[PDB]
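Here the protein sequences line up with chains C and D, keeping their order. Note that the first sequence covers residues 121 to 177, 182 to 254 in PDB author numbering. Under PDB author numbering, the first residue of the second sequence carries the number 121, and numbering increases by one thereafter. Ideal placement from N, C-alpha and C gives every residue a C-beta, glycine not left out.
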Amino acid sequence: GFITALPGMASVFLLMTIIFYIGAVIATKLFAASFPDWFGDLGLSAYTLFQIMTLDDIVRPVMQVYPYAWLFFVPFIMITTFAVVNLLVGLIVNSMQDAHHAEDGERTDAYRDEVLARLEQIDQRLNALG
Amino acid sequence: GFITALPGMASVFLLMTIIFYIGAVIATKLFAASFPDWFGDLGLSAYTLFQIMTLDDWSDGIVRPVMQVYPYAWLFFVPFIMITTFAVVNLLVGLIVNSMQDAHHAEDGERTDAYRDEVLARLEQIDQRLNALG
Numbered sequence: 121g122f123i124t125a126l127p128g129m130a131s132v133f134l135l136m137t138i139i140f141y142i143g144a145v146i147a148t149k150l151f152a153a154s155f156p157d158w159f160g161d162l163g164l165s166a167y168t169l170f171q172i173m174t175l176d177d182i183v184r185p186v187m188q189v190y191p192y193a194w195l196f197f198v199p200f201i202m203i204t205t206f207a208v209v210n211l212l213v214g215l216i217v218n219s220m221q222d223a224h225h226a227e228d229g230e231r232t233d234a235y236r237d238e239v240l241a242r243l244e245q246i247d248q249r250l251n252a253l254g
Numbered sequence: 121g122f123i124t125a126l127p128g129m130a131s132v133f134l135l136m137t138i139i140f141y142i143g144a145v146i147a148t149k150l151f152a153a154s155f156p157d158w159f160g161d162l163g164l165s166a167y168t169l170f171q172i173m174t175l176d177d178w179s180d181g182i183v184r185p186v187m188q189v190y191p192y193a194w195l196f197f198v199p200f201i202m203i204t205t206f207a208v209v210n211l212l213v214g215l216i217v218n219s220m221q222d223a224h225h226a227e228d229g230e231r232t233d234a235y236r237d238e239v240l241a242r243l244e245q246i247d248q249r250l251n252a253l254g
């Protein structure tokens, strides 16, 4: 399931877009005023929001000029990290059920096959009556 | 299963590693500067982050001076605790909710072994009466 992941990872990655882009709106909706260079254009703040997430090498001057700005950076990081955690938790918990029902899968192919076993045998012995 | 838990619990506490270790990076990435003794190497802060979680009375002898020297440090300790506690909660919620579905589909399991067995009951009977015509 090379294709279980594909539509799966699609809606996942499409979700990241949504949550990352909404934040990019709020980020620009209130910081673009005084920090255009890299909260300007929506995707520009969107990048830095993601550069904030991926930690590479901004926040303190934005925090200095606008105080109470942690009331956006902290919650939005929580939500992304929430969502990432929640995805993996689901996949984990959802998987443990899948394995739990694997005993039952083998037991099924026992019935599956042993029926077709008789059905050959029954047809066999029947088709030897003519 | 005995083995339902094993790969399950593996990815679970492989996840704990991830989340605990990421925090250990950020912890060390900004507090290691002025607090090396026990936010020093990565795993060292990682431990205290986990000592903070398991509460062992020395998390109180840690957080306040770090909170004193660096103010706004609660903007890491509070959110990171939330994430771990949310992740632990989320795991158990899933397991609970996922389980209530498993039991919901147990009535159907018995009903299956009725068909399962009564077919094979016929198939013996049908063979039996058939194999008595030769």
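- Taken in chain order, the members of the stretch 205-227 of chain C whose beta-carbon sits within less than 9 angstroms of a beta-carbon on chain D are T205, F206, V209, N210, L212, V213, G214, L215, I216, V217, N218, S219, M220, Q221, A223, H224, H225, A226 and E227.
- Per DSSP, reduced to three states, the secondary structure at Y141(D) is helical.
- Inter-residue distance for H224(C) and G163(C) is about 44 angstroms (C-alpha atoms, whole angstroms).
- In the displayed model, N251(D) falls within coil according to three-state DSSP, outside both helix and strand.
- For the 7 angstroms CB-CB criterion, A153(D) and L169(D) do not form a contact.
- For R242(C), a Cβ of chain D is located within less than 7 angstroms of the residue's own Cβ.
- With respect to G143(D), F197(D) sits apart: the two C-beta atoms are not nearer than 7 angstroms.
- Counted as a single uninterrupted DSSP element, the alpha helix (DSSP H) harbouring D222(D) occupies residues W194 to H224.
- Here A166(C) is buried. Its C-beta has 16 or more other C-beta atoms within 10 Å.
- Put simply, the backbone Cα of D222(D) is about 29 angstroms away from that of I139(D).
- Using a CB distance cut-off of 7 angstroms, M136(C) does not count as an interface residue toward chain D.
- Pairing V189(D) with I203(D), the inter-Cα distance amounts to about 24 angstroms.
- Rounded to whole angstroms, the separation of the alpha carbons of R249(C) and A125(C) is 47 angstroms.
- In terms of CA proximity to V132(D), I216(C) leads the group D237(C), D177(C) and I216(C).
- Here the C-alpha atom of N210(D) lies approximately 7 angstroms from the C-alpha atom of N210(C).
- With its beta carbon at least 7 angstroms from every one in chain C, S165(D) lies outside the interface.
- Pairing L212(C) with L134(D) gives a Cβ-Cβ distance that is not under 7 angstroms.
- Closest by C-alpha distance to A252(C), out of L253(D), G128(D), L175(D) and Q245(D), is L253(D).
- When the five nearest sequence neighbours on each side are left out, the beta carbons in the same chain lying within less than 7 angstroms of the beta carbon of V186(D) are those of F151, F155 and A193, in order along the chain.
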